[PDB]
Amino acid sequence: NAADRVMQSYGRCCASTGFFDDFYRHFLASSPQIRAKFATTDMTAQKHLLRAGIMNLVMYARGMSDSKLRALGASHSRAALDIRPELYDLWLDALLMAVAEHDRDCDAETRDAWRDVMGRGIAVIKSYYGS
C-alpha cells in the first residue's frame, strides 16, 4: 500500500536528526516567494507544525474524513495565508530531497509513493485557493 510505504519511510525520516531542518533549508532556498512568506515565522515551532501536517496528509490518504484538509485549504487560501498553487510543487520537491537525505532505504518506489500520497492531499488544498 502506498500509504504504508510512506509511513515506513516517514518513521525513518523522523528518526533521523536534521530531517525538518533540511526540509526547510531546501524549501526556503527554492524561491524568494517562500522566503518572503516565512520571514517572520518561528521556524522551530513551524517544524513541529509540519510534522503534524504531513501526518494529517497521510491520515487523509488512509481514509480519514477530508475535514482537516479542507481546513488547511481554507488557511492556505487566497483569503488567508495566500499560498499560490505553484508553490506546492516546490514544497513537494523539497520534501523529496529531505526524504532522499534522511531515509536510508529511499528508492524509486519510496519516492513515487511520497509523490502519490502527498499529491492527493495537495490537490485538495490547492482546490480551495480561489474559493
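All residue numbers are counted from 1 along the displayed sequence.
- Task: Look up the CA B-factors in the entry and say which stretch, 48-56 or 62-70, has the higher mean.
- Result: Taking the mean C-alpha B-factor of 62-70 and of 48-56, the larger value falls to 62-70.
- Task: Output the stretch having the higher mean C-alpha B factor in the entry; the candidates are 119-127 and 8-16.
- Result: Looking at the recorded C-alpha B-factors, 119-127 comes out higher on average.
- Query: Which one of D105, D82, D42, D93 shows the biggest C-alpha B-factor in the PDB entry?
  - Reply: By C-alpha B-factor in the record, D105 ranks first.
- Task: Could you look up the Cα B-factor of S77 in the entry and say which third of the chain it sits in: lowest, middle or highest?
- Result: Lowest third.
- Query: Once the chain's modelled residues are ordered by C-alpha B factor and cut into thirds, is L87 in the lowest, middle or highest one?
  - Reply: Highest third, going by the recorded CA B-factors of the chain.
- Message: Split into thirds by Cα B-factor across the chain's modelled residues, where does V99 land: lowest, middle or highest?
- Response: Answer is lowest: the recorded C-alpha B-factor places it there.
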